[PDB]
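These notes are about the structure you will find just below.
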Amino acid sequence: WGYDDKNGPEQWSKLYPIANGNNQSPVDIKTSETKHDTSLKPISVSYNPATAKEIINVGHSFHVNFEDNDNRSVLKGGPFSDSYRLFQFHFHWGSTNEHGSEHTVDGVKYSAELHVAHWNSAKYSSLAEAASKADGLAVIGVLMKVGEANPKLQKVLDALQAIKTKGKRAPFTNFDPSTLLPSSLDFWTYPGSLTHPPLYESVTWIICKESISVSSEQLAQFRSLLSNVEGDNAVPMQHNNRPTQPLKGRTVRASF
Ligand SMILES: C=CCOC[C@@H](O)C[SeH]
Ligand SMILES: [Zn+2]
């Protein structure tokens, strides 16, 4: 279902009718209309870098998958009364620097977006179980602003040369993806979804107030990943970021 136009995000509603749904992501975050809430607690990431397993090229993006067999890597606080388990981080990016981030704040589009994904291990057995569940997934979203080169992106960008093409796997160990997060975990939260098929309406978004930085060259790496299988003609992975979607009257909550 890629991000072309043949497979691209307009074609998503055919196969996945949930695309023209009510809890679709990303969204625009209109700060004027955002109802501050104080029942919210502060977000608290406790990741353990020995959970870091693998980095894999999945054709449309690349993942960094984590060990999700126990509660060693948890997110808790925010709205969540439960304690979600970390399983993955990945990125979204765009063809040019001007766009690339999925969420937008007051119409402003960013270079890329980081997703640090979690699944509700207090209520569910597997990721596979919690994938589809309303209270299934907790994803931290960081907005990535084109400027200085982020030195905490090092290990991620280094490893990329070993997963040039779709399906390529490699061990990525000994990394806490919290080091990626901004210093201010002031956050918006809203009831969302995945941003790509199967677009499950299972995500409680945590969108960070403060941005992290990425140079144009760091973004050029993301782009010089290849969507093709090894041997085939080099088809870069140019953009993998979704249009912002109607709120249909959900209430983005501030935590600031
Ligand atoms: C399957 C990977 C992670 O899914 C959670 C979403 O926040 C990524 Se848009
Ligand atoms: Zn994502």
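Lettering and numbering for the structure tokens are positional, with chains as A, B, ... in the shown order, residues counted from 1 in each chain, and ligands counted from 1 in the shown order.
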Grab me every residue within 9 Å of ligand 1, counting only C-alpha atoms and all ligand atoms, and send it over as a VMD selection string.
chain A and resid 25 to 26 63 87 to 92 102 115 to 119 131 137 to 141 192 to 196 199 to 200 202 to 205
List as an mmCIF file with C-alpha atoms, in the first residue's frame the protein and nucleic acid residues near residue 207 (chain A), meaning an atom at most 9 Å away when only C-alpha atoms are counted, but skip any in the same chain fewer than 2 places from it.
data_model
loop_
_atom_site.group_PDB
_atom_site.id
_atom_site.type_symbol
_atom_site.label_atom_id
_atom_site.label_comp_id
_atom_site.auth_asym_id
_atom_site.auth_seq_id
_atom_site.Cartn_x
_atom_site.Cartn_y
_atom_site.Cartn_z
ATOM 1 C CA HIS A 103 1.358 15.721 12.970
ATOM 2 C CA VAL A 139 2.960 6.190 20.912
ATOM 3 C CA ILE A 140 5.203 9.144 21.790
ATOM 4 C CA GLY A 141 5.512 11.500 18.828
ATOM 5 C CA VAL A 142 8.435 13.918 18.578
ATOM 6 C CA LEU A 143 8.467 16.621 15.882
ATOM 7 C CA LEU A 185 7.812 16.096 27.790
ATOM 8 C CA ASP A 186 5.101 18.689 27.821
ATOM 9 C CA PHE A 187 2.695 16.847 25.558
ATOM 10 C CA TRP A 188 -0.596 16.885 23.726
ATOM 11 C CA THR A 189 -2.694 13.702 23.940
ATOM 12 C CA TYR A 190 -5.631 12.642 21.773
ATOM 13 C CA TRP A 205 -1.031 9.823 20.924
ATOM 14 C CA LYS A 209 5.699 20.072 22.774
#
Computed interatomic separation between CA of residue 43 (chain A) and CA of residue 148 (chain A) (Å)
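The value is 26.1 Å.
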Measure the distance from CA of residue 56 (chain A) to CA of residue 244 (chain A) in Å and round it to one decimal.
26.4 Å
Can you list, as a PyMOL selection string, every residue of region 40-184 of chain A that DSSP puts in alpha helix (DSSP H)?
chain A and resi 127-130+154-159
Which residue out of A:246, A:136, A:198, A:236 has the minimum interatomic distance to residue 17 (chain A) when only C-alpha atoms are used?
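Using only C-alpha atoms, the shortest distance to residue 17 (chain A) belongs to A:198.
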A:167, A:107, A:197, A:249: which is nearest residue 29 (chain A), counting only C-alpha atoms?
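Closest candidate: A:107.
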Pick out the residues sitting within 8 Å of residue 79 (chain A), and hand them over as a ChimeraX atom specification; count only C-alpha atoms, and ignore anything fewer than 6 positions along from it in its own chain.
/A:39-41,189
Residue nearest ligand 2 among A:60, A:35, A:152, A:223 (counting only C-alpha atoms and all ligand atoms):
A:60
Would you please work out which residue, of A:255, A:61, A:7, A:179, is nearest to ligand 2 when using only C-alpha atoms and all ligand atoms?
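Ranked by minimum distance to ligand 2, first place goes to A:61.
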All strand (DSSP E) residues (DSSP, backbone) inside region 88-255 of chain A, as a PyMOL selection string
chain A and resi 88-93+104-105+112-120+137-146+169-171+187-191+203-208+212-214+253-254
Okay, now the selection with N, CA and C atoms, as a compact mmCIF listing (two decimals), in the first residue's frame?
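And here's result.txt as it stands now:
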# COMPACT_ATOMS: atom_id res chain seq x y z
N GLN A 88 9.06 -0.65 19.75
CA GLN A 88 9.52 -0.12 18.48
C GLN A 88 9.73 1.38 18.58
N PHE A 89 10.69 1.89 17.80
CA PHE A 89 10.66 3.26 17.32
C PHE A 89 10.92 3.24 15.82
N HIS A 90 10.46 4.29 15.13
CA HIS A 90 10.69 4.46 13.70
C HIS A 90 10.55 5.93 13.38
N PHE A 91 10.62 6.28 12.09
CA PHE A 91 10.49 7.67 11.68
C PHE A 91 9.47 7.80 10.54
N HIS A 92 8.98 9.03 10.35
CA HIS A 92 8.34 9.41 9.10
C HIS A 92 9.10 10.62 8.53
N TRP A 93 9.18 10.71 7.19
CA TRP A 93 9.88 11.82 6.55
C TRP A 93 9.24 12.16 5.21
N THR A 104 0.98 18.11 12.67
CA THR A 104 1.29 19.51 12.44
C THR A 104 0.78 20.35 13.60
N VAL A 105 1.58 21.33 14.04
CA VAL A 105 1.13 22.24 15.08
C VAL A 105 0.80 23.58 14.43
N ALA A 112 10.59 15.71 9.86
CA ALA A 112 10.32 14.31 10.12
C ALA A 112 9.54 14.21 11.41
N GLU A 113 9.17 12.98 11.76
CA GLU A 113 8.49 12.73 13.01
C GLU A 113 8.98 11.39 13.55
N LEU A 114 9.28 11.38 14.85
CA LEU A 114 9.68 10.16 15.54
C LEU A 114 8.45 9.58 16.23
N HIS A 115 8.30 8.25 16.12
CA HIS A 115 7.27 7.51 16.82
C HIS A 115 7.94 6.48 17.72
N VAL A 116 7.69 6.60 19.03
CA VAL A 116 8.13 5.61 20.00
C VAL A 116 6.90 4.86 20.53
N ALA A 117 6.77 3.61 20.08
CA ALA A 117 5.52 2.89 20.13
C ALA A 117 5.49 1.94 21.33
N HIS A 118 4.30 1.79 21.91
CA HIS A 118 4.09 0.99 23.11
C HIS A 118 2.79 0.21 22.98
N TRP A 119 2.65 -0.82 23.82
CA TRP A 119 1.44 -1.62 23.82
C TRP A 119 1.09 -2.03 25.25
N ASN A 120 -0.21 -2.05 25.53
CA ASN A 120 -0.80 -2.08 26.86
C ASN A 120 -0.66 -3.47 27.48
N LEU A 137 -2.43 0.88 22.12
CA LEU A 137 -1.10 1.40 21.82
C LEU A 137 -0.91 2.84 22.31
N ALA A 138 0.27 3.06 22.89
CA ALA A 138 0.68 4.37 23.35
C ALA A 138 1.93 4.77 22.57
N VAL A 139 1.82 5.80 21.73
CA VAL A 139 2.96 6.19 20.91
C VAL A 139 3.36 7.62 21.26
N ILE A 140 4.63 7.81 21.65
CA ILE A 140 5.20 9.14 21.79
C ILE A 140 5.60 9.63 20.40
N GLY A 141 5.17 10.86 20.08
CA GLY A 141 5.51 11.50 18.83
C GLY A 141 6.36 12.74 19.09
N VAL A 142 7.56 12.76 18.51
CA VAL A 142 8.43 13.92 18.58
C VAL A 142 8.47 14.55 17.19
N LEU A 143 8.38 15.89 17.14
CA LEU A 143 8.47 16.62 15.88
C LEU A 143 9.91 17.00 15.59
N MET A 144 10.29 16.81 14.33
CA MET A 144 11.68 16.90 13.96
C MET A 144 11.88 18.10 13.04
N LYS A 145 12.64 19.07 13.55
CA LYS A 145 12.78 20.39 12.98
C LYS A 145 14.14 20.51 12.32
N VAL A 146 14.14 20.86 11.03
CA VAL A 146 15.37 20.92 10.25
C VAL A 146 16.23 22.09 10.73
N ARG A 169 17.67 -7.23 7.45
CA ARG A 169 17.62 -7.25 8.90
C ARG A 169 19.04 -7.09 9.41
N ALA A 170 19.18 -6.64 10.67
CA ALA A 170 20.47 -6.56 11.35
C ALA A 170 20.26 -6.31 12.84
N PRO A 171 21.12 -6.87 13.72
CA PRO A 171 21.07 -6.58 15.16
C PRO A 171 21.37 -5.12 15.48
N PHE A 187 3.26 17.66 26.62
CA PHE A 187 2.70 16.85 25.56
C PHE A 187 1.22 17.17 25.32
N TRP A 188 0.81 17.02 24.06
CA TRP A 188 -0.60 16.89 23.73
C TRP A 188 -0.93 15.40 23.76
N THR A 189 -2.19 15.06 24.08
CA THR A 189 -2.69 13.70 23.94
C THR A 189 -4.08 13.72 23.31
N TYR A 190 -4.32 12.79 22.37
CA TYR A 190 -5.63 12.64 21.77
C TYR A 190 -5.83 11.18 21.37
N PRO A 191 -7.09 10.69 21.23
CA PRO A 191 -7.33 9.31 20.80
C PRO A 191 -7.18 9.18 19.28
N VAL A 203 -4.60 3.90 19.09
CA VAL A 203 -3.44 4.65 19.55
C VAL A 203 -3.87 5.86 20.38
N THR A 204 -3.29 5.97 21.57
CA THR A 204 -3.35 7.17 22.38
C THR A 204 -2.07 7.96 22.10
N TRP A 205 -2.20 9.05 21.32
CA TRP A 205 -1.03 9.82 20.92
C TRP A 205 -0.49 10.63 22.10
N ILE A 206 0.84 10.72 22.16
CA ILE A 206 1.52 11.64 23.06
C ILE A 206 2.46 12.47 22.18
N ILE A 207 2.02 13.68 21.82
CA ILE A 207 2.80 14.51 20.92
C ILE A 207 3.58 15.51 21.76
N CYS A 208 4.91 15.47 21.63
CA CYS A 208 5.76 16.29 22.47
C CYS A 208 5.73 17.75 22.01
N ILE A 212 12.85 18.07 18.46
CA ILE A 212 14.25 17.76 18.29
C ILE A 212 14.67 18.18 16.88
N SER A 213 16.00 18.28 16.69
CA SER A 213 16.59 18.80 15.47
C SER A 213 17.08 17.66 14.58
N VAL A 214 17.18 17.94 13.28
CA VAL A 214 17.81 17.05 12.31
C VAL A 214 18.31 17.89 11.14
N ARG A 253 -5.93 17.35 24.22
CA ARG A 253 -5.67 17.85 25.56
C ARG A 253 -4.22 18.31 25.63
N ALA A 254 -4.02 19.51 26.19
CA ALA A 254 -2.69 19.99 26.53
C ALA A 254 -2.27 19.35 27.85
Return the single residue from A:241, A:24, A:211, A:34 that is closest to ligand 2, with distances computed using only C-alpha atoms and all ligand atoms.
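Using only C-alpha atoms and all ligand atoms, ligand 2 sits closest to A:241.
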